[PDB]
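Undergrad: protein-v4.cif is the file, holding mmCIF, C-alpha atoms:
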data_start
#
loop_
_atom_site.label_atom_id
_atom_site.label_comp_id
_atom_site.auth_asym_id
_atom_site.auth_seq_id
_atom_site.Cartn_x
_atom_site.Cartn_y
_atom_site.Cartn_z
CA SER A 11 96.71 74.23 -36.93
CA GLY A 12 95.52 77.79 -36.38
CA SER A 13 96.89 77.97 -32.84
CA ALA A 14 98.05 81.31 -31.42
CA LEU A 15 101.60 79.99 -31.80
CA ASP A 16 101.27 79.26 -35.52
CA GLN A 17 99.52 82.62 -35.98
CA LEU A 18 102.30 84.43 -34.13
CA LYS A 19 104.86 82.91 -36.50
CA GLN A 20 103.30 84.81 -39.41
CA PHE A 21 104.45 88.11 -37.92
CA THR A 22 107.28 87.20 -35.58
CA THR A 23 110.15 84.71 -35.66
CA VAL A 24 109.67 82.43 -32.66
CA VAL A 25 112.59 81.59 -30.34
CA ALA A 26 112.71 78.99 -27.54
CA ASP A 27 114.07 80.24 -24.21
CA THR A 28 115.48 77.18 -22.41
CA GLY A 29 118.49 75.01 -21.67
CA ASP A 30 116.37 71.86 -21.79
CA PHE A 31 117.07 70.90 -25.41
CA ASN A 32 114.70 67.93 -25.33
CA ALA A 33 111.66 70.21 -25.03
CA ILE A 34 112.27 72.43 -28.06
CA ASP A 35 111.44 70.95 -31.48
CA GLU A 36 107.82 70.44 -30.42
CA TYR A 37 107.36 74.17 -31.00
CA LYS A 38 109.55 74.35 -34.12
CA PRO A 39 111.43 77.55 -33.19
CA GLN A 40 113.92 79.22 -35.53
CA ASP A 41 116.47 80.08 -32.81
CA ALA A 42 116.96 79.29 -29.12
CA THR A 43 118.43 81.20 -26.18
CA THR A 44 120.11 80.16 -22.94
CA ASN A 45 121.49 82.11 -19.98
CA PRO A 46 123.32 81.17 -16.72
CA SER A 47 120.07 80.51 -14.84
CA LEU A 48 118.74 78.25 -17.58
CA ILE A 49 121.98 76.27 -17.86
CA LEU A 50 122.06 75.88 -14.07
CA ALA A 51 118.52 74.50 -14.18
CA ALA A 52 119.22 72.08 -17.02
CA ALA A 53 122.58 71.02 -15.55
CA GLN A 54 120.61 69.81 -12.53
CA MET A 55 118.40 67.50 -14.59
CA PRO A 56 119.28 63.77 -14.42
CA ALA A 57 118.87 63.53 -18.19
CA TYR A 58 121.85 65.80 -18.84
CA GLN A 59 124.42 64.48 -16.36
CA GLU A 60 126.56 63.14 -19.21
CA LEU A 61 127.15 66.70 -20.44
CA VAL A 62 128.16 67.72 -16.91
CA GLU A 63 130.54 64.78 -16.67
CA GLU A 64 132.10 65.64 -20.01
CA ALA A 65 132.51 69.27 -18.95
CA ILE A 66 134.26 68.18 -15.76
CA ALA A 67 136.67 65.98 -17.73
CA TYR A 68 137.56 68.95 -19.95
CA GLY A 69 138.22 71.25 -16.99
CA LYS A 70 140.52 68.65 -15.44
CA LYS A 71 142.33 68.11 -18.73
CA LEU A 72 143.51 71.71 -19.07
CA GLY A 73 144.57 71.73 -15.42
CA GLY A 74 145.61 74.74 -13.39
CA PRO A 75 144.06 75.99 -10.11
CA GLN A 76 140.52 74.98 -9.20
CA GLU A 77 139.16 78.34 -10.39
CA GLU A 78 140.69 77.73 -13.83
CA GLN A 79 139.54 74.12 -14.05
CA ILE A 80 136.03 75.16 -12.98
CA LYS A 81 136.03 78.03 -15.49
CA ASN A 82 136.92 75.71 -18.35
CA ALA A 83 134.34 73.15 -17.24
CA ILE A 84 131.56 75.74 -17.08
CA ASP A 85 132.45 77.12 -20.52
CA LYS A 86 132.60 73.59 -21.92
CA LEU A 87 129.21 72.93 -20.33
CA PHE A 88 127.59 76.03 -21.86
CA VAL A 89 128.93 75.02 -25.27
CA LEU A 90 127.82 71.39 -24.93
CA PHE A 91 124.26 72.53 -24.29
CA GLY A 92 124.51 75.02 -27.14
CA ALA A 93 125.73 72.34 -29.54
CA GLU A 94 122.89 70.00 -28.54
CA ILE A 95 120.37 72.80 -28.98
CA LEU A 96 121.63 73.49 -32.49
CA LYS A 97 120.64 69.92 -33.38
CA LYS A 98 117.04 70.84 -32.50
CA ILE A 99 116.79 74.13 -34.39
CA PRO A 100 117.75 75.43 -37.85
CA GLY A 101 119.04 78.78 -36.62
CA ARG A 102 121.16 80.30 -33.87
CA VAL A 103 121.62 79.60 -30.17
CA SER A 104 122.61 82.34 -27.71
CA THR A 105 125.37 81.60 -25.18
CA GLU A 106 126.06 84.10 -22.40
CA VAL A 107 129.52 84.97 -21.06
CA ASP A 108 129.75 84.95 -17.27
CA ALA A 109 127.92 87.96 -15.83
CA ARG A 110 130.75 88.60 -13.38
CA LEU A 111 132.58 90.17 -16.34
CA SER A 112 129.75 92.67 -16.99
CA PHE A 113 131.94 95.69 -16.20
CA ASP A 114 135.08 94.43 -17.97
CA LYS A 115 134.95 95.07 -21.72
CA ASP A 116 138.26 93.36 -22.56
CA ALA A 117 137.43 90.32 -20.43
CA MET A 118 134.07 89.94 -22.18
CA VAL A 119 135.66 90.14 -25.63
CA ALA A 120 138.22 87.53 -24.58
CA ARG A 121 135.65 85.20 -23.04
CA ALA A 122 133.45 85.60 -26.12
CA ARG A 123 136.29 84.57 -28.44
CA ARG A 124 137.09 81.66 -26.12
CA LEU A 125 133.52 80.32 -26.33
CA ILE A 126 133.52 80.75 -30.11
CA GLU A 127 136.77 78.80 -30.31
CA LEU A 128 135.19 76.08 -28.17
CA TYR A 129 132.23 75.99 -30.56
CA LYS A 130 134.59 75.72 -33.52
CA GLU A 131 136.23 72.72 -31.88
CA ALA A 132 132.76 71.21 -31.59
CA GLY A 133 132.32 71.66 -35.32
CA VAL A 134 130.08 74.71 -35.00
CA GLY A 135 130.62 77.82 -37.09
CA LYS A 136 130.16 81.23 -35.48
CA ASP A 137 127.39 81.88 -38.01
CA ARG A 138 125.10 79.82 -35.80
CA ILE A 139 126.18 81.46 -32.54
CA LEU A 140 125.04 84.59 -30.72
CA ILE A 141 127.26 85.56 -27.81
CA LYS A 142 125.04 87.08 -25.11
CA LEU A 143 126.37 90.01 -23.09
CA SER A 144 124.99 92.16 -20.27
CA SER A 145 123.87 95.50 -21.73
CA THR A 146 126.08 97.63 -19.50
CA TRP A 147 128.10 100.29 -21.28
CA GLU A 148 131.13 98.00 -21.36
CA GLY A 149 129.06 95.03 -22.51
CA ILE A 150 127.70 97.08 -25.38
CA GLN A 151 131.20 98.24 -26.34
CA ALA A 152 132.41 94.64 -26.10
CA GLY A 153 129.64 93.69 -28.51
CA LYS A 154 130.59 96.42 -30.97
CA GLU A 155 134.21 95.26 -30.89
CA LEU A 156 133.27 91.58 -31.20
CA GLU A 157 131.09 92.44 -34.19
CA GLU A 158 133.51 94.76 -36.00
CA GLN A 159 136.85 93.19 -35.09
CA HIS A 160 135.94 89.49 -35.11
CA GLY A 161 132.65 88.98 -36.93
CA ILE A 162 131.31 87.52 -33.70
CA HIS A 163 127.61 88.30 -33.51
CA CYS A 164 126.14 89.33 -30.19
CA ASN A 165 122.86 89.28 -28.30
CA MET A 166 122.68 92.23 -25.88
CA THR A 167 120.56 91.14 -22.90
CA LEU A 168 119.22 92.60 -19.61
CA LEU A 169 118.08 95.55 -21.77
CA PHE A 170 115.68 97.70 -19.72
CA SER A 171 116.16 101.41 -20.43
CA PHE A 172 115.71 103.42 -23.60
CA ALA A 173 119.31 104.54 -23.05
CA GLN A 174 120.51 100.92 -23.36
CA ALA A 175 118.44 100.41 -26.53
CA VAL A 176 119.87 103.52 -28.20
CA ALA A 177 123.44 102.62 -27.22
CA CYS A 178 122.99 99.12 -28.66
CA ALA A 179 121.58 100.49 -31.91
CA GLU A 180 124.45 102.92 -32.36
CA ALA A 181 126.89 100.12 -31.55
CA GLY A 182 125.41 98.11 -34.42
CA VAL A 183 125.08 94.83 -32.53
CA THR A 184 123.35 91.94 -34.29
CA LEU A 185 120.51 91.62 -31.77
CA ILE A 186 119.03 93.02 -28.54
CA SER A 187 116.97 91.17 -25.95
CA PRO A 188 114.81 93.85 -24.28
CA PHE A 189 113.04 92.36 -21.26
CA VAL A 190 109.29 92.50 -20.70
CA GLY A 191 108.47 90.29 -17.72
CA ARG A 192 111.00 91.68 -15.25
CA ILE A 193 109.76 95.21 -15.97
CA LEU A 194 106.25 94.08 -14.99
CA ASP A 195 107.79 92.55 -11.85
CA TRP A 196 109.35 95.86 -10.84
CA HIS A 197 106.08 97.74 -11.31
CA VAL A 198 104.11 95.18 -9.32
CA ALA A 199 106.56 95.28 -6.42
CA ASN A 200 107.03 99.07 -6.64
CA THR A 201 103.67 100.65 -7.52
CA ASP A 202 99.99 100.87 -6.56
CA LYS A 203 98.99 98.63 -9.46
CA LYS A 204 99.57 94.87 -9.42
CA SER A 205 97.65 94.17 -12.62
CA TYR A 206 98.04 95.47 -16.18
CA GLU A 207 96.32 94.74 -19.48
CA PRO A 208 98.56 93.51 -22.33
CA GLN A 209 98.85 96.86 -24.15
CA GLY A 210 99.25 98.59 -20.79
CA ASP A 211 101.92 96.18 -19.52
CA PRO A 212 105.04 98.30 -18.69
CA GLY A 213 107.23 95.67 -20.31
CA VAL A 214 105.14 95.69 -23.47
CA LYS A 215 105.38 99.49 -23.60
CA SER A 216 109.15 99.34 -23.29
CA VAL A 217 109.65 96.91 -26.16
CA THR A 218 107.05 98.76 -28.21
CA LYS A 219 108.93 102.04 -27.79
CA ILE A 220 112.26 100.40 -28.64
CA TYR A 221 110.86 98.57 -31.68
CA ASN A 222 109.26 101.73 -33.12
CA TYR A 223 112.46 103.74 -32.60
CA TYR A 224 114.66 101.10 -34.22
CA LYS A 225 112.34 100.81 -37.23
CA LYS A 226 111.52 104.51 -37.59
CA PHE A 227 115.22 105.32 -37.88
CA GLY A 228 116.20 102.24 -39.88
CA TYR A 229 118.55 100.52 -37.46
CA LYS A 230 119.10 96.91 -38.54
CA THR A 231 119.68 95.43 -35.08
CA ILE A 232 117.14 92.68 -34.48
CA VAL A 233 114.56 93.33 -31.77
CA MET A 234 113.81 90.23 -29.71
CA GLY A 235 111.44 90.65 -26.78
CA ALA A 236 112.43 88.37 -23.91
CA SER A 237 111.30 87.28 -20.45
CA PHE A 238 107.54 86.78 -20.23
CA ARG A 239 105.05 86.34 -17.38
CA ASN A 240 101.98 85.46 -19.47
CA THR A 241 100.82 84.93 -23.07
CA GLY A 242 99.02 88.28 -23.08
CA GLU A 243 102.36 90.11 -23.07
CA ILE A 244 103.52 87.98 -26.00
CA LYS A 245 100.36 88.52 -28.06
CA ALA A 246 100.59 92.27 -27.41
CA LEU A 247 104.00 92.15 -29.08
CA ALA A 248 102.99 90.17 -32.17
CA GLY A 249 104.94 91.69 -35.05
CA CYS A 250 108.19 92.19 -33.13
CA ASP A 251 111.10 90.81 -35.19
CA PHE A 252 111.79 87.96 -32.74
CA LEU A 253 110.36 86.79 -29.41
CA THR A 254 112.14 84.27 -27.19
CA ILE A 255 109.61 82.29 -25.17
CA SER A 256 109.95 79.63 -22.46
CA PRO A 257 108.66 76.12 -23.33
CA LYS A 258 105.87 76.64 -20.79
CA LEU A 259 104.34 79.64 -22.56
CA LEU A 260 104.99 78.14 -26.00
CA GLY A 261 102.93 75.14 -24.94
CA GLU A 262 100.17 77.51 -23.90
CA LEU A 263 100.29 79.38 -27.21
CA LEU A 264 100.14 76.02 -29.00
CA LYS A 265 96.87 75.27 -27.16
CA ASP A 266 95.36 78.72 -27.65
CA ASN A 267 92.89 79.13 -30.51
CA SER A 268 92.05 82.81 -30.14
CA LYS A 269 92.69 84.88 -33.27
CA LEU A 270 95.80 87.05 -33.08
CA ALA A 271 96.59 90.34 -34.82
CA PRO A 272 99.96 92.10 -35.38
CA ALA A 273 100.49 94.98 -32.96
CA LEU A 274 103.85 96.12 -34.35
CA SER A 275 105.01 96.80 -37.90
CA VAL A 276 107.76 98.79 -39.61
CA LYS A 277 105.22 100.80 -41.59
CA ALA A 278 103.40 101.95 -38.45
CA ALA A 279 106.72 102.54 -36.67
CA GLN A 280 107.74 105.10 -39.30
CA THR A 281 104.89 107.17 -37.91
CA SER A 282 105.96 106.95 -34.26
CA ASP A 283 106.99 110.10 -32.36
CA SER A 284 110.30 109.31 -30.64
CA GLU A 285 113.07 111.71 -31.74
CA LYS A 286 116.53 110.46 -32.72
CA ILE A 287 119.34 110.86 -30.20
CA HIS A 288 123.06 110.07 -30.03
CA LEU A 289 124.78 108.84 -26.87
CA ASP A 290 128.43 108.89 -25.89
CA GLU A 291 129.34 107.19 -22.59
CA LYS A 292 128.51 110.28 -20.50
CA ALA A 293 125.08 110.82 -22.03
CA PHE A 294 124.29 107.12 -21.84
CA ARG A 295 125.08 106.80 -18.14
CA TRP A 296 122.94 109.81 -17.25
CA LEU A 297 119.95 108.81 -19.37
CA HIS A 298 120.13 105.25 -18.06
CA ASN A 299 120.19 106.59 -14.50
CA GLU A 300 116.97 108.52 -15.18
CA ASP A 301 115.16 105.18 -15.44
CA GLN A 302 115.02 103.88 -11.85
CA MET A 303 113.49 100.54 -12.86
CA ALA A 304 116.21 99.99 -15.48
CA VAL A 305 119.03 100.90 -13.12
CA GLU A 306 117.69 98.44 -10.56
CA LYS A 307 116.76 95.62 -12.93
CA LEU A 308 120.05 95.68 -14.82
CA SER A 309 121.95 95.76 -11.53
CA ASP A 310 119.94 92.94 -9.94
CA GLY A 311 119.96 90.94 -13.18
CA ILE A 312 123.75 90.95 -13.16
CA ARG A 313 123.83 89.83 -9.52
CA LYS A 314 121.35 87.00 -10.13
CA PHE A 315 123.25 85.59 -13.12
CA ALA A 316 126.49 85.83 -11.14
CA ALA A 317 124.79 84.08 -8.22
CA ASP A 318 123.53 81.30 -10.47
CA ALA A 319 126.93 80.89 -12.10
CA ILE A 320 128.45 80.55 -8.63
CA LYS A 321 125.86 77.89 -7.75
CA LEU A 322 126.75 75.93 -10.87
CA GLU A 323 130.41 76.31 -9.92
CA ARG A 324 129.85 74.96 -6.40
CA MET A 325 128.11 71.98 -8.02
CA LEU A 326 131.09 71.31 -10.27
CA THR A 327 133.73 71.87 -7.59
CA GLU A 328 132.03 69.32 -5.34
CA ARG A 329 132.22 66.73 -8.10
CA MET A 330 135.64 67.35 -9.62
CA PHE A 331 137.57 67.99 -6.41
#
Can you turn what I pasted into structure tokens?
TA:
Amino acid sequence: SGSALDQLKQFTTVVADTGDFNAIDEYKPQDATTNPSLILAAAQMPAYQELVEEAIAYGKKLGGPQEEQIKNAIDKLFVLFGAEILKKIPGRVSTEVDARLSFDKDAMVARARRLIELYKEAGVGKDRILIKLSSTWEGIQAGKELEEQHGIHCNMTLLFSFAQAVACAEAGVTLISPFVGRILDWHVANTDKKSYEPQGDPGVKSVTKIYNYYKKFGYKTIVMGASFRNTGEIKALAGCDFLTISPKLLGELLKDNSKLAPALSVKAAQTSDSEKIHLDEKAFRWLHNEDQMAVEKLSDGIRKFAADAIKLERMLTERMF
């Protein structure tokens, strides 16, 4: 069973990145992560229409204007998928609060507590939940507050710049989801190089820098590389605390028999060069702005998740009204 997947598991905790809960346990992941785009995709599958129907019933039950009924249905839907996923894994599932709240700290904290409450009603303790939030300054502060004030653990996503990584570390959030694949995308579409080797992959370099910094300075926030375009990127990050991978690439790793070696370790990180820095809001916003790719990928990532949430909403509205 010496597949690249089984080998990877010796150095990194594997996480499944999908809303399709029937395609998980094959890869035996510890945790699982979902996002608006993944839920939208799964909610469109014939095999999960019962969850959609149940979510619609819930929205109607609480009443109010269509926007309210749709809001409750979508939250119920995210939680239904989360609850089903938890039956396929022994760990945690990440559930993301609507991206349209990415610049509203208080609204994110409120929506996070609402989801948690919905999970509780489903018989799920918050110990098995990771509330996912956009890594904007307000999202990061919402995470800090959720962690400290409510014991609600968060997964900071759409993490592209070093500024975001530092802010998350200082905020003490449970976990960060620094992207790899979308960073490669930006470089392909914005530079004179369309191909990169694993170690040279811009996304790999980003996570590598973040990992080393976190470990060198002892931050306990979990580093989970996310978003992948190929298995090379994943292998180049062997050793990272966690790695959330789509079922497609997990299947590929399961069929790969090449020998894999750890590329990241705490011991080696303690030798890295990055200097420690502290960031208040001002410093964070400036340093983030210095990373063009990050500014653009965080911005576009928020718009895409909002767009997908709206698509899911149009789907629901058409059926419940």
Undergrad: For this structure, which residues satisfy the selection - the PyMOL selection byres ((chain A and resi 186) around 6) - when it is evaluated on the file as given? I want them as a list in words.
TA: residues 165, 166, 185, 187 and 233 of chain A
Undergrad: Run the PyMOL selection byres ((chain A and resi 32-38) around 9) on the file and write out the hits as JSON, numbers by chain.
TA: {"A": [15, 24, 25, 26, 27, 28, 29, 30, 31, 39, 40, 42, 95, 98, 99, 257, 260, 261, 264]}
Undergrad: Using only C-alpha atoms, which residues sit within 8 Å of range 216-224 of chain A once same-chain residues fewer than 4 positions away are excluded, as a PyMOL selection string?
TA: chain A and resi 170-172+175+179+188-190+212+228-231+233+235+247+250+274+276+278-280+282+284+286
Undergrad: Report, in Å to a single decimal, how far apart CA of residue 237 in chain A and CA of residue 314 in chain A are.
TA: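 CA of residue 237 in chain A lies at a distance of 14.4 Å from CA of residue 314 in chain A.
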Undergrad: Would you mind reading off the distance between CA of residue 253 in chain A and CA of residue 319 in chain A, one decimal, in Å?
TA: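 Atom-to-atom, CA of residue 253 in chain A to CA of residue 319 in chain A, that is 24.7 Å.
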Undergrad: Starting from the displayed file, determine the output of the PyMOL selection byres ((chain A and resi 321) around 12) and express the residue list as a list in words.
TA: residues 46, 47, 49, 50, 51, 53, 54, 80, 84, 314, 315, 316, 317, 318, 319, 320, 322, 323, 324, 325, 326, 327 and 328 of chain A
Undergrad: Could you work out an axis-aligned bounding box for all listed atoms of range 101-105 of chain A, with 4 Å added on each of the six sides, and give its centre and edge lengths in Å to one decimal, as AutoDock Vina command-line options?
TA:
--center_x 122.2 --center_y 80.6 --center_z -30.9 --size_x 14.3 --size_y 11.6 --size_z 19.4
Undergrad: Have a look at A:258, A:245, A:288, A:70 and name the one nearest to residue 178 in chain A; count only C-alpha atoms.
TA: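 Smallest separation from residue 178 in chain A among the options: A:288.
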Undergrad: Any idea what's packed within 10 Å of residue 23 in chain A, counting all atoms listed in the file, ignoring anything in its chain fewer than 3 positions away? Could you give it as a PyMOL selection string?
TA: chain A and resi 18-20+39-41+234+248-254
Undergrad: Which is closest to residue 193 in chain A among A:164, A:308, A:132, A:57, if we use all atoms listed in the file?
TA: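 The answer is A:308, which sits nearest to residue 193 in chain A.
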Undergrad: What separation in Å, quoted to one decimal, exists between CA of residue 180 in chain A and CA of residue 301 in chain A?
TA: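 A separation of 19.4 Å between them.
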Undergrad: Residues proximal to (102.7, 91.3, -22.9) were defined as those with any atom within 10 Å of that point in the file's coordinates, counting all atoms listed in the file. Which are they, as a ChimeraX atom specification?
TA: /A:190-191,194,206-215,217,235,237-248
Undergrad: Emit the selected residues as a PDB file, keeping the file's coordinate frame, including C-alpha atoms.
TA:
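New file part_11.pdb:
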ATOM      1  CA  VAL A 190     109.290  92.500 -20.700  1.00  0.00           C
ATOM      2  CA  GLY A 191     108.470  90.290 -17.720  1.00  0.00           C
ATOM      3  CA  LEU A 194     106.250  94.080 -14.990  1.00  0.00           C
ATOM      4  CA  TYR A 206      98.040  95.470 -16.180  1.00  0.00           C
ATOM      5  CA  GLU A 207      96.320  94.740 -19.480  1.00  0.00           C
ATOM      6  CA  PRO A 208      98.560  93.510 -22.330  1.00  0.00           C
ATOM      7  CA  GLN A 209      98.850  96.860 -24.150  1.00  0.00           C
ATOM      8  CA  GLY A 210      99.250  98.590 -20.790  1.00  0.00           C
ATOM      9  CA  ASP A 211     101.920  96.180 -19.520  1.00  0.00           C
ATOM     10  CA  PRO A 212     105.040  98.300 -18.690  1.00  0.00           C
ATOM     11  CA  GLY A 213     107.230  95.670 -20.310  1.00  0.00           C
ATOM     12  CA  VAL A 214     105.140  95.690 -23.470  1.00  0.00           C
ATOM     13  CA  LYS A 215     105.380  99.490 -23.600  1.00  0.00           C
ATOM     14  CA  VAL A 217     109.650  96.910 -26.160  1.00  0.00           C
ATOM     15  CA  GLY A 235     111.440  90.650 -26.780  1.00  0.00           C
ATOM     16  CA  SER A 237     111.300  87.280 -20.450  1.00  0.00           C
ATOM     17  CA  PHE A 238     107.540  86.780 -20.230  1.00  0.00           C
ATOM     18  CA  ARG A 239     105.050  86.340 -17.380  1.00  0.00           C
ATOM     19  CA  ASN A 240     101.980  85.460 -19.470  1.00  0.00           C
ATOM     20  CA  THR A 241     100.820  84.930 -23.070  1.00  0.00           C
ATOM     21  CA  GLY A 242      99.020  88.280 -23.080  1.00  0.00           C
ATOM     22  CA  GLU A 243     102.360  90.110 -23.070  1.00  0.00           C
ATOM     23  CA  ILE A 244     103.520  87.980 -26.000  1.00  0.00           C
ATOM     24  CA  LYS A 245     100.360  88.520 -28.060  1.00  0.00           C
ATOM     25  CA  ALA A 246     100.590  92.270 -27.410  1.00  0.00           C
ATOM     26  CA  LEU A 247     104.000  92.150 -29.080  1.00  0.00           C
ATOM     27  CA  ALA A 248     102.990  90.170 -32.170  1.00  0.00           C
TER      28      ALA A 248
END
Undergrad: Around the point (88.2, 84.0, -30.4) (coordinates from the file), which residues reach within 12 Å if we count only C-alpha atoms? Answer as a PDB file with C-alpha atoms, in the frame of the given file.
TA:
ATOM      1  CA  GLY A  12      95.520  77.790 -36.380  1.00  0.00           C
ATOM      2  CA  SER A  13      96.890  77.970 -32.840  1.00  0.00           C
ATOM      3  CA  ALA A  14      98.050  81.310 -31.420  1.00  0.00           C
ATOM      4  CA  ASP A 266      95.360  78.720 -27.650  1.00  0.00           C
ATOM      5  CA  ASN A 267      92.890  79.130 -30.510  1.00  0.00           C
ATOM      6  CA  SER A 268      92.050  82.810 -30.140  1.00  0.00           C
ATOM      7  CA  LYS A 269      92.690  84.880 -33.270  1.00  0.00           C
ATOM      8  CA  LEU A 270      95.800  87.050 -33.080  1.00  0.00           C
ATOM      9  CA  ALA A 271      96.590  90.340 -34.820  1.00  0.00           C
TER      10      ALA A 271
END
Undergrad: How close does range 156-208 of chain A get to range 149-152 of chain A? List, as CSV, each residue of range 156-208 of chain A within 9 Å, its nearest atom pair and the distance in Å to one decimal, counting only C-alpha atoms.
TA:
residue,atom,partner,partner_atom,distance
A:156,CA,A:152,CA,6.0
A:157,CA,A:152,CA,8.5
A:166,CA,A:150,CA,7.0
A:174,CA,A:150,CA,8.4
A:177,CA,A:150,CA,7.2
A:178,CA,A:150,CA,6.1
A:181,CA,A:150,CA,6.9
A:183,CA,A:150,CA,7.9
Undergrad: List the spatial neighbours of residue 153 in chain A as a PyMOL selection string - criterion: any atom at most 12 Å away, only C-alpha atoms, same-chain residues fewer than 6 positions off excluded.
TA: chain A and resi 106-107+112+114-123+140-147+159-167+177-186
Undergrad: Could you give me, as a list in words, the residues within 12 Å of residue 64 in chain A, counting all atoms listed in the file and dropping anything in the same chain fewer than 3 positions from it?
TA: residues 53, 58, 59, 60, 61, 67, 68, 69, 70, 71, 82, 83, 84, 85, 86, 87, 88, 89, 90, 91, 326, 329 and 330 of chain A
Undergrad: Would it be fine to have range 161-175 of chain A, with N, CA, C and O atoms, given as a tab-separated table (two decimals), in the first residue's frame?
TA:
chain	number	residue	atom	x	y	z
A	161	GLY	N	-14.94	30.16	21.84
A	161	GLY	CA	-14.37	28.83	21.70
A	161	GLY	C	-14.73	28.23	20.35
A	161	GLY	O	-14.68	27.01	20.16
A	162	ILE	N	-15.10	29.08	19.40
A	162	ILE	CA	-15.44	28.62	18.07
A	162	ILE	C	-14.16	28.66	17.24
A	162	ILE	O	-13.60	29.73	16.99
A	163	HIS	N	-13.70	27.49	16.82
A	163	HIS	CA	-12.47	27.40	16.05
A	163	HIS	C	-12.67	27.73	14.58
A	163	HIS	O	-13.63	27.29	13.95
A	164	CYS	N	-11.73	28.50	14.05
A	164	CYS	CA	-11.81	28.96	12.68
A	164	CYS	C	-10.71	28.53	11.73
A	164	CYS	O	-9.58	28.24	12.13
A	165	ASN	N	-11.09	28.51	10.45
A	165	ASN	CA	-10.22	28.16	9.34
A	165	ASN	C	-10.15	29.42	8.48
A	165	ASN	O	-11.13	29.76	7.80
A	166	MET	N	-9.02	30.12	8.51
A	166	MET	CA	-8.86	31.34	7.71
A	166	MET	C	-8.44	30.97	6.29
A	166	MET	O	-7.33	30.49	6.06
A	167	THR	N	-9.34	31.22	5.33
A	167	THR	CA	-9.08	30.87	3.94
A	167	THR	C	-8.78	32.07	3.00
A	167	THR	O	-8.76	33.22	3.43
A	168	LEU	N	-8.54	31.77	1.72
A	168	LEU	CA	-8.20	32.80	0.73
A	168	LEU	C	-6.98	33.58	1.23
A	168	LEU	O	-6.90	34.80	1.09
A	169	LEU	N	-6.04	32.83	1.81
A	169	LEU	CA	-4.80	33.35	2.38
A	169	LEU	C	-3.73	33.35	1.28
A	169	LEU	O	-3.26	32.29	0.88
A	170	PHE	N	-3.35	34.54	0.81
A	170	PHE	CA	-2.37	34.65	-0.27
A	170	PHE	C	-1.07	35.39	0.07
A	170	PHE	O	0.01	34.99	-0.38
A	171	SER	N	-1.17	36.46	0.84
A	171	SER	CA	0.01	37.25	1.18
A	171	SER	C	0.65	36.89	2.52
A	171	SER	O	0.00	36.33	3.41
A	172	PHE	N	1.92	37.24	2.66
A	172	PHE	CA	2.64	36.99	3.89
A	172	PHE	C	1.98	37.83	4.98
A	172	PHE	O	1.91	37.43	6.14
A	173	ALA	N	1.48	39.00	4.60
A	173	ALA	CA	0.80	39.87	5.55
A	173	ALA	C	-0.39	39.14	6.18
A	173	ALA	O	-0.58	39.17	7.39
A	174	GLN	N	-1.20	38.46	5.35
A	174	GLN	CA	-2.34	37.72	5.87
A	174	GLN	C	-1.89	36.62	6.83
A	174	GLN	O	-2.48	36.43	7.90
A	175	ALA	N	-0.84	35.90	6.46
A	175	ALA	CA	-0.31	34.81	7.30
A	175	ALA	C	0.14	35.32	8.67
A	175	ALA	O	-0.15	34.69	9.70
